[PDB]
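There is one chain below, alone, in structure tokens, taken in the form deposited in one PDB entry.
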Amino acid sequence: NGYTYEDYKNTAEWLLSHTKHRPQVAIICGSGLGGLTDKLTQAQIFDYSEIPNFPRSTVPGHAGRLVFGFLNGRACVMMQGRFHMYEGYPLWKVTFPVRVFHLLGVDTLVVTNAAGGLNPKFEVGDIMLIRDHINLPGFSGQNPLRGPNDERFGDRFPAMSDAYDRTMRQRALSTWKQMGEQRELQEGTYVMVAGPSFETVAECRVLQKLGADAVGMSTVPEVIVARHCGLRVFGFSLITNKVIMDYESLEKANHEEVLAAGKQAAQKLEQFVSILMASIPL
């Protein structure tokens, strides 16, 4: 880990003295869900590039910003554009923001991402609540906590079985009723794989048999660092595609389609998140 405790502190303090805003809820917008930034009011934007110690983006979409503001009654901070392991970032960089949020005073982290559906029942457009995750990179060593533990943040061996807030998932199921939507609010296990290439059929079968419902290339690292911090954690996946499970099918998962789905069910996710803010304690 290239960051000392001081680096996290210096970054937090810089931010605190450059905005009057004091966030409680941190929101990490996944792929094609950065729209949420438009719904904040009293919005103050910061480019990642101007924030000391922040991972400087390579050349994905060149858009990397921290937006502070209010979202339906909650003092928020949103990450529009997140860091991925597949881009070459070591996990201690990918999750660097999460620890900054904590020192800013945040106590809740909402994570969203786009993911392939592994559960045969899921459909494009569906929203899946995350009850649990399978951290494959973590089993092998790619765990954001690897390295000396800093007592100031958390314990050496933090538990994850209770990572996804029970209370918030229920209130999420509740709130969805108010939406009175056509489809139900899905719920299941999220499995992380490093990517950046998509799964083969054999690989999809594996992920299925392991009990995963959706597959993505992010999130788990941030969740683990959050929990290690004491942050409350809630999140969901936008099923942008149904991974191929048979060899007969003549279709391929492509970024084009993912973004497309990200465009359709776009504001559908944003609403849910904005409303759910009221369901978050203080």
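Shifts are known only where both forms have a C-alpha. If you superpose the two forms and keep the largest set of C-alpha atoms that fall within 1.5 Å, you have the rigid core. Sequential numbering from 1, following the sequence displayed.
Quick note: we don't show the form deposited in another entry, though the next part is all about it.
Relative to the superposed rigid core, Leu16 undergoes a CA displacement smaller than 2 Å between this form and the one not shown.
For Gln42, a C-alpha deviation below 2 angstroms is recorded between this form and the one not shown after rigid-core alignment. Once the rigid core is overlaid between this form and the one not shown, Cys229 does not reach a Cα shift of 2 Å, moving by less than that.
Figure legend: C-alpha atoms of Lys209 and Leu259, shown here, are separated by at least 3 angstroms more in the other entry. Relative to this form, the distance between the C-alpha atoms of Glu256 and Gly30 is reduced by at least 3 angstroms in the other entry. Shifted stretches between this form and the one not shown, defined as 3+ consecutive common residues each with a CA displacement of 2 angstroms or more after rigid core fitting, are limited to 248-261.
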